[PDB]
Amino acid sequence: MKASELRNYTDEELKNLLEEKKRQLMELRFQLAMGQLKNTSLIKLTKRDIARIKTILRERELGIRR
């Protein structure tokens, strides 16, 4: 929902952060699916914020976040 911070970065920072969340979720599931990642609460938290963050990027694409 709210950001400030996650919309407040510059377009170059914003991508480089919101990309990081979007990848991280997918890479963390990939680390488990191998056998490296072990804290699954961290993944589950990481999804909430992946979803918020990767939504922020979406919202910024159409004009919802100027």
# chains A, B, ... in the order shown; residues from 1 in each chain; ligands from 1
>>> residues_around(residues="residue 8 of chain A", least_positions_apart="3", cutoff="12 Å", atoms="only C-alpha atoms", output="ChimeraX atom specification")
/A:2-5,11-15,17,56-57,60,65-66
>>> write_last_selection(atoms="N, CA, C and O atoms", output="PDB file, in the first residue's frame")
ATOM      1  N   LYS A   2       1.051   1.962   1.123  1.00  0.00           N
ATOM      2  CA  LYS A   2       1.926   3.138   1.167  1.00  0.00           C
ATOM      3  C   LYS A   2       3.384   2.752   0.897  1.00  0.00           C
ATOM      4  O   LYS A   2       3.780   1.602   1.132  1.00  0.00           O
ATOM      5  N   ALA A   3       4.153   3.705   0.367  1.00  0.00           N
ATOM      6  CA  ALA A   3       5.585   3.669   0.160  1.00  0.00           C
ATOM      7  C   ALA A   3       6.217   4.839   0.907  1.00  0.00           C
ATOM      8  O   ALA A   3       6.939   4.661   1.880  1.00  0.00           O
ATOM      9  N   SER A   4       6.025   6.031   0.342  1.00  0.00           N
ATOM     10  CA  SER A   4       6.967   7.130   0.247  1.00  0.00           C
ATOM     11  C   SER A   4       8.285   6.618  -0.280  1.00  0.00           C
ATOM     12  O   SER A   4       8.578   6.825  -1.446  1.00  0.00           O
ATOM     13  N   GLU A   5       8.991   5.858   0.529  1.00  0.00           N
ATOM     14  CA  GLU A   5      10.398   5.500   0.335  1.00  0.00           C
ATOM     15  C   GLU A   5      10.557   4.798  -1.017  1.00  0.00           C
ATOM     16  O   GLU A   5      11.291   5.233  -1.896  1.00  0.00           O
ATOM     17  N   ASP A  11      14.487   7.114 -10.662  1.00  0.00           N
ATOM     18  CA  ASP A  11      14.051   6.044 -11.580  1.00  0.00           C
ATOM     19  C   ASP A  11      15.105   4.942 -11.751  1.00  0.00           C
ATOM     20  O   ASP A  11      14.745   3.793 -12.008  1.00  0.00           O
ATOM     21  N   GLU A  12      16.383   5.279 -11.569  1.00  0.00           N
ATOM     22  CA  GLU A  12      17.537   4.392 -11.640  1.00  0.00           C
ATOM     23  C   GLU A  12      17.723   3.572 -10.357  1.00  0.00           C
ATOM     24  O   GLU A  12      18.093   2.399 -10.396  1.00  0.00           O
ATOM     25  N   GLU A  13      17.497   4.180  -9.199  1.00  0.00           N
ATOM     26  CA  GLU A  13      17.473   3.485  -7.913  1.00  0.00           C
ATOM     27  C   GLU A  13      16.241   2.585  -7.807  1.00  0.00           C
ATOM     28  O   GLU A  13      16.340   1.427  -7.428  1.00  0.00           O
ATOM     29  N   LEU A  14      15.065   3.107  -8.165  1.00  0.00           N
ATOM     30  CA  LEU A  14      13.772   2.453  -8.052  1.00  0.00           C
ATOM     31  C   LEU A  14      13.852   1.110  -8.756  1.00  0.00           C
ATOM     32  O   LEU A  14      13.634   0.082  -8.124  1.00  0.00           O
ATOM     33  N   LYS A  15      14.192   1.085 -10.048  1.00  0.00           N
ATOM     34  CA  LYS A  15      14.400  -0.162 -10.759  1.00  0.00           C
ATOM     35  C   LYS A  15      15.364  -1.041 -10.000  1.00  0.00           C
ATOM     36  O   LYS A  15      15.021  -2.180  -9.750  1.00  0.00           O
ATOM     37  N   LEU A  17      16.130  -1.458  -7.043  1.00  0.00           N
ATOM     38  CA  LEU A  17      15.662  -1.943  -5.741  1.00  0.00           C
ATOM     39  C   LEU A  17      14.486  -2.876  -5.959  1.00  0.00           C
ATOM     40  O   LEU A  17      14.383  -3.947  -5.362  1.00  0.00           O
ATOM     41  N   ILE A  56       4.575  -1.586  -6.884  1.00  0.00           N
ATOM     42  CA  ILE A  56       5.006  -0.188  -6.992  1.00  0.00           C
ATOM     43  C   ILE A  56       5.537   0.037  -8.402  1.00  0.00           C
ATOM     44  O   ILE A  56       5.088   0.979  -9.045  1.00  0.00           O
ATOM     45  N   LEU A  57       6.438  -0.828  -8.890  1.00  0.00           N
ATOM     46  CA  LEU A  57       6.946  -0.710 -10.253  1.00  0.00           C
ATOM     47  C   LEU A  57       5.770  -0.675 -11.225  1.00  0.00           C
ATOM     48  O   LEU A  57       5.644   0.316 -11.931  1.00  0.00           O
ATOM     49  N   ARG A  60       3.883   2.552 -11.185  1.00  0.00           N
ATOM     50  CA  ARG A  60       4.715   3.584 -11.786  1.00  0.00           C
ATOM     51  C   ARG A  60       4.724   3.497 -13.311  1.00  0.00           C
ATOM     52  O   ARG A  60       4.857   4.533 -13.959  1.00  0.00           O
ATOM     53  N   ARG A  65       1.568   6.227 -10.138  1.00  0.00           N
ATOM     54  CA  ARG A  65       2.598   6.756  -9.234  1.00  0.00           C
ATOM     55  C   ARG A  65       3.527   7.710  -9.995  1.00  0.00           C
ATOM     56  O   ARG A  65       4.751   7.623  -9.850  1.00  0.00           O
ATOM     57  N   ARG A  66       2.906   8.616 -10.758  1.00  0.00           N
ATOM     58  CA  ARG A  66       3.480   9.611 -11.653  1.00  0.00           C
ATOM     59  C   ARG A  66       4.836   9.165 -12.172  1.00  0.00           C
ATOM     60  O   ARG A  66       4.840   8.288 -13.062  1.00  0.00           O
TER      61      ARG A  66
END
>>> select_by_dssp(residues="chain A", states="alpha helix (DSSP H)", output="ChimeraX atom specification")
/A:5-8,11-34,40-62
>>> write_last_selection(atoms="N, CA and C atoms", output="short mmCIF file (atom, residue, chain, number, x, y, z; two decimals), in the first residue's frame")
data_model
loop_
_atom_site.label_atom_id
_atom_site.label_comp_id
_atom_site.auth_asym_id
_atom_site.auth_seq_id
_atom_site.Cartn_x
_atom_site.Cartn_y
_atom_site.Cartn_z
N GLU A 5 8.99 5.86 0.53
CA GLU A 5 10.40 5.50 0.33
C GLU A 5 10.56 4.80 -1.02
N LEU A 6 9.73 3.78 -1.25
CA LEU A 6 9.78 2.95 -2.45
C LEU A 6 9.33 3.64 -3.73
N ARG A 7 8.69 4.81 -3.67
CA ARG A 7 8.48 5.68 -4.80
C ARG A 7 9.44 6.87 -4.82
N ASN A 8 10.14 7.11 -3.71
CA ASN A 8 10.96 8.30 -3.46
C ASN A 8 12.36 8.17 -4.06
N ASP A 11 14.49 7.11 -10.66
CA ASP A 11 14.05 6.04 -11.58
C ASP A 11 15.11 4.94 -11.75
N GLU A 12 16.38 5.28 -11.57
CA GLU A 12 17.54 4.39 -11.64
C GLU A 12 17.72 3.57 -10.36
N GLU A 13 17.50 4.18 -9.20
CA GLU A 13 17.47 3.48 -7.91
C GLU A 13 16.24 2.58 -7.81
N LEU A 14 15.07 3.11 -8.17
CA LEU A 14 13.77 2.45 -8.05
C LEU A 14 13.85 1.11 -8.76
N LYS A 15 14.19 1.08 -10.05
CA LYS A 15 14.40 -0.16 -10.76
C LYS A 15 15.36 -1.04 -10.00
N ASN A 16 16.52 -0.54 -9.60
CA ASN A 16 17.58 -1.35 -9.02
C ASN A 16 17.22 -1.93 -7.65
N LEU A 17 16.13 -1.46 -7.04
CA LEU A 17 15.66 -1.94 -5.74
C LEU A 17 14.49 -2.88 -5.96
N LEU A 18 13.55 -2.44 -6.80
CA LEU A 18 12.31 -3.14 -7.00
C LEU A 18 12.56 -4.38 -7.86
N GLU A 19 13.55 -4.30 -8.76
CA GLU A 19 14.10 -5.47 -9.42
C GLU A 19 14.61 -6.46 -8.38
N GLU A 20 15.29 -5.98 -7.33
CA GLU A 20 16.02 -6.80 -6.38
C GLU A 20 15.05 -7.68 -5.62
N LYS A 21 13.96 -7.12 -5.09
CA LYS A 21 12.86 -7.82 -4.49
C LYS A 21 12.32 -8.82 -5.52
N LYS A 22 11.81 -8.38 -6.68
CA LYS A 22 11.25 -9.31 -7.67
C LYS A 22 12.18 -10.51 -7.93
N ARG A 23 13.48 -10.30 -8.21
CA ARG A 23 14.42 -11.41 -8.36
C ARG A 23 14.48 -12.21 -7.07
N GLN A 24 14.78 -11.59 -5.93
CA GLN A 24 15.05 -12.23 -4.65
C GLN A 24 14.05 -13.30 -4.36
N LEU A 25 12.75 -13.02 -4.49
CA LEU A 25 11.76 -14.05 -4.21
C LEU A 25 12.00 -15.28 -5.06
N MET A 26 12.15 -15.07 -6.36
CA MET A 26 12.38 -16.15 -7.31
C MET A 26 13.73 -16.84 -7.06
N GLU A 27 14.74 -16.16 -6.52
CA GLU A 27 16.08 -16.74 -6.34
C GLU A 27 16.11 -17.51 -5.03
N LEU A 28 15.41 -17.01 -4.03
CA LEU A 28 15.28 -17.63 -2.74
C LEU A 28 14.54 -18.96 -2.89
N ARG A 29 13.39 -18.98 -3.58
CA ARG A 29 12.74 -20.27 -3.87
C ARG A 29 13.68 -21.21 -4.62
N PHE A 30 14.50 -20.68 -5.53
CA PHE A 30 15.53 -21.43 -6.24
C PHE A 30 16.62 -21.93 -5.29
N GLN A 31 16.89 -21.28 -4.15
CA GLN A 31 17.96 -21.68 -3.27
C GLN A 31 17.47 -22.84 -2.43
N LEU A 32 16.20 -22.82 -2.05
CA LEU A 32 15.55 -23.89 -1.30
C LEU A 32 15.46 -25.14 -2.17
N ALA A 33 14.89 -24.97 -3.36
CA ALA A 33 14.69 -25.99 -4.37
C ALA A 33 15.99 -26.69 -4.75
N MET A 34 17.13 -26.04 -4.53
CA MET A 34 18.40 -26.70 -4.47
C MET A 34 18.66 -27.30 -3.08
N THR A 40 11.99 -20.33 5.81
CA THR A 40 10.85 -20.15 4.93
C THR A 40 9.93 -19.00 5.35
N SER A 41 9.95 -18.58 6.63
CA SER A 41 9.27 -17.36 7.05
C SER A 41 9.83 -16.17 6.30
N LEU A 42 11.15 -16.15 6.08
CA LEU A 42 11.81 -15.05 5.38
C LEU A 42 11.25 -15.00 3.96
N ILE A 43 11.19 -16.12 3.23
CA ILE A 43 10.54 -16.15 1.92
C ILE A 43 9.12 -15.55 2.01
N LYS A 44 8.32 -15.94 3.00
CA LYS A 44 6.90 -15.61 3.09
C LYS A 44 6.66 -14.12 3.32
N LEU A 45 7.50 -13.50 4.13
CA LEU A 45 7.65 -12.07 4.32
C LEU A 45 8.15 -11.43 3.04
N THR A 46 9.13 -12.05 2.40
CA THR A 46 9.75 -11.53 1.21
C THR A 46 8.66 -11.43 0.14
N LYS A 47 7.76 -12.41 -0.03
CA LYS A 47 6.61 -12.32 -0.93
C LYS A 47 5.72 -11.11 -0.69
N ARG A 48 5.42 -10.76 0.57
CA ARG A 48 4.46 -9.68 0.84
C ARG A 48 5.00 -8.41 0.21
N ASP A 49 6.29 -8.21 0.45
CA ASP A 49 7.00 -7.02 0.07
C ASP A 49 7.42 -7.12 -1.38
N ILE A 50 7.75 -8.29 -1.92
CA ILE A 50 7.89 -8.47 -3.36
C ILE A 50 6.63 -7.99 -4.00
N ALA A 51 5.48 -8.44 -3.51
CA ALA A 51 4.24 -8.09 -4.11
C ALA A 51 4.05 -6.58 -4.01
N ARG A 52 4.22 -5.94 -2.84
CA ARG A 52 4.14 -4.50 -2.71
C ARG A 52 5.10 -3.76 -3.64
N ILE A 53 6.39 -4.04 -3.53
CA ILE A 53 7.45 -3.50 -4.37
C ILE A 53 7.20 -3.71 -5.87
N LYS A 54 7.00 -4.94 -6.34
CA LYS A 54 6.83 -5.20 -7.76
C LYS A 54 5.51 -4.58 -8.27
N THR A 55 4.51 -4.44 -7.40
CA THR A 55 3.33 -3.61 -7.63
C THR A 55 3.74 -2.15 -7.77
N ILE A 56 4.58 -1.59 -6.88
CA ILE A 56 5.01 -0.19 -6.99
C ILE A 56 5.54 0.04 -8.40
N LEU A 57 6.44 -0.83 -8.89
CA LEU A 57 6.95 -0.71 -10.25
C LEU A 57 5.77 -0.68 -11.23
N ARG A 58 4.85 -1.65 -11.17
CA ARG A 58 3.65 -1.67 -12.03
C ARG A 58 2.93 -0.33 -11.98
N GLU A 59 2.55 0.14 -10.80
CA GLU A 59 1.81 1.38 -10.57
C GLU A 59 2.55 2.54 -11.26
N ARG A 60 3.88 2.55 -11.18
CA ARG A 60 4.72 3.58 -11.79
C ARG A 60 4.72 3.50 -13.31
N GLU A 61 4.55 2.31 -13.89
CA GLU A 61 4.46 2.11 -15.33
C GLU A 61 3.24 2.85 -15.87
N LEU A 62 2.02 2.61 -15.36
CA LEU A 62 0.82 3.10 -16.04
C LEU A 62 0.56 4.59 -15.82
#
